[PDB]
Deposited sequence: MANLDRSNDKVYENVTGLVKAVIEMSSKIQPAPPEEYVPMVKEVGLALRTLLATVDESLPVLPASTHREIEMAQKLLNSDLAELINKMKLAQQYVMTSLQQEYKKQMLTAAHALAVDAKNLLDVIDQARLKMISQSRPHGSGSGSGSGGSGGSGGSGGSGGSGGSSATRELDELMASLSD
């Protein structure tokens, strides 16, 4: 047997951890070699795909109020994934040519907004849980994810 206080803490964790990388990687994104791209994109794909599930679990765990946001957050994750993996896989082949920093620039932009998203997740819903405390009684999507997963695996 085990309590259900494991994922509840992971949500507020990943939303932060994934962000930390978004910054660091964003610093060496330019010089980011083709050998460091494999793992780099791997991390992003994890927080992204995982976020879809994590967030879905945050819906019930948290008080209804940010359903709309969470709803659009799911679909967004899907598209974001492709766009992300794409830009990454691009620089991987556009490095031996010359257009390296190029794909890196446009990538940083999108990747930047994406990161903030995962953070705004708990940031938004937070207003719901808090609103409760300070008042009374203080207390084919998977297809793409799976497909892209293999594309990165082998």
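Gaps between the deposited sequence and the modelled structure occur only at positions 140-165.
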